[PDB]
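What follows is a pair of forms of the same protein chain, given separately as structure tokens and numbered structure 1 and structure 2.
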Structure 1
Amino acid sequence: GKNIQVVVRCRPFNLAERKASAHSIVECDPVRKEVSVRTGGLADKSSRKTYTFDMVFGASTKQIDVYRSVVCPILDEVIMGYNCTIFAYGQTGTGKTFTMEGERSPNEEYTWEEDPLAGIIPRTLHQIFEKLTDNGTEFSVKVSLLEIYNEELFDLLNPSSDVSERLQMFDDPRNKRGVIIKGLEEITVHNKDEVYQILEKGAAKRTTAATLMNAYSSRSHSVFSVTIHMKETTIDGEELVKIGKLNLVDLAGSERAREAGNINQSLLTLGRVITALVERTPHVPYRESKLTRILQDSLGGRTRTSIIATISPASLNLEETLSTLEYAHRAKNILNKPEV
């Protein structure tokens, strides 16, 4: 048992894999919580590696089910006044952004209920407003969106100023763990719907940075953070002031010279940090990377942390799929159970 949870989500086939005559090599067993991969080469149909995780989601798993099993328990902790983090890890094209943000799909004007393709960020903001409104709590909601590319922090919500200028990050006088990112824009969200316009502004800026600086999303880490100030009151029950925070991280693809070197280095540090938090090993290498330094005040002070590892089912991507499963296995090691 842990406050740290590692799960795997397999996506369905894409057109390119079909056209290449790829074959299915992944088998997902949600009940036993295992994923098995056929790794055979020429004339080898008998070899297949099996891994076990906290949860396993197959190709048919819907958005709402990932939200209910993974995010719900975590948002509960946040509402109680804690700081938590959720990561999306995997090869480019396997579903990280689909999982973290989701899509709207052409159909027009959305009621109030959640779009079936909506991701974690959208559903999270919707629930915060719904839950806090229903219980009479006095609250305020603000979000921020920064991107880490080539080890440099870029604000994706700052209206003006936009161009290039990095943002400065330095340890601030106060109790340890935290850091201060000066200038980082913090947009106040007034209603549950307002989350979609905010994302747009972010996406638009994201594109400008990719085109005029080659800061492609597939090669950068996206940190979307939501902070909640809460104050509830009950007659004959004292008043409580709480502050909660949830970091939703869409990591760079796991598959220039150092540009990719730093990426591999940032992801590997994250692995070191996680595996460390799982084993209790005093001292975790937070400082070894910009990514882990920014989320330090989220991973340290006890809280729930989850990692969603996305993979492809196709033979054409055997190598990266195995790499992703290995990385996930290293983060939190859980033995396979008997009876195949």
Structure 2
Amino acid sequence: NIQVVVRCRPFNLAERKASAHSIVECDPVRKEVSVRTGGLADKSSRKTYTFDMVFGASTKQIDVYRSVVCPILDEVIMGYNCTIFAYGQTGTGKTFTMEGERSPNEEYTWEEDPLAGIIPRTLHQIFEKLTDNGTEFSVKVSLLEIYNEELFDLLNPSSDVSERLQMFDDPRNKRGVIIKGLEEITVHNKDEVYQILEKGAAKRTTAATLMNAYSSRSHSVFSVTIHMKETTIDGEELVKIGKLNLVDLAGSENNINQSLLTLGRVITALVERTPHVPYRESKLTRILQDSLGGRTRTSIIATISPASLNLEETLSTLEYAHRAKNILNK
């Protein structure tokens, strides 16, 4: 049930000038990614994996959006909860995929930059889809990050990143939590999107000078909640509420990351049908437990490098992403 897709990033400039040989090969039509485990392009051993979808190095941001994000967003608009994880070693594209970047030299506006990732595209498309049709709606965003098992709010513009948030169990709905003090920013319109994201980037920058290897070791949960009151051309009123969680996981490479460690143990228990699932052994899994064998539709985008240097890690990621396919929720 849980959908897993692989995205291999292309060689960088440093690898181009050094004329690197890819040890990875993607076959989209056959949902397969093959890795050269022994060595030699003239002769060698290989490891093959089949996923729900595979995107090679030539894959652009727009292809990922139209193929994976567009459908999941439609479900969110129908009043469903959805989660998308980015998993992989540091430097393989987790952030590029989830957030994206700006083309150099102010060549485009944020709405047309082809390097934009899932988050900016999604927020722009929500206003694009709902403004057209006859739908009343409000959009709230929240960016919750975890570092060394502490919670930080990267959007509240009146607190510094030195102020950690407290988490409690929600006495109302079971297997859910309450983050005391988490800010929910209302995004009144499309032309309010960019600055909200810029605010988070800046606050993030201070978080980085305050905590060691912050961008590598933390988990970022960027959520978008949509309260909708649709009125068909007839006069029917549909009151739906969708929530989409975009999670940029800590680098999977190997102090300790309790949330990362627990995510793997939770997945293991879920696929091996073990009765006890360690959701409570980390903040990440308590916050997103409904996305792990719960009533949420979740997808996992595993990112990998094509360089022969990252062989061991590319195999761990692929092997990890494959087992996750067996998780069943709803």
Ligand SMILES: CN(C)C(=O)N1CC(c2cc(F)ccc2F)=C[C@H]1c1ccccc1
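Whichever C-alpha set is largest while still superposing within 1.5 Å between the two forms counts as the rigid core. Structure 1's sequence is the ruler for residue numbers, which start at 1.
Between the two chain copies, the one drawn from the form solved without this ligand is structure 1. Core-superposed comparison between structures 1 and 2: among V66, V56, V37, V273, the single residue whose C-alpha moves by 2 Å or more is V273.
After superposition on the rigid core, displacement of the C-alpha of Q296 between structures 1 and 2 amounts to 2 Å or more. Core-superposed comparison between structures 1 and 2: the C-alpha position of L318 differs by less than 2 Å.
Core-superposed comparison between structures 1 and 2: the Cα of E114 travels 2 Å or more. The rigid core superposition between structures 1 and 2 gives a CA shift for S46 of 2.3 Å.
Relative to the superposed core, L248 has its Cα moved 0.2 Å between structures 1 and 2.
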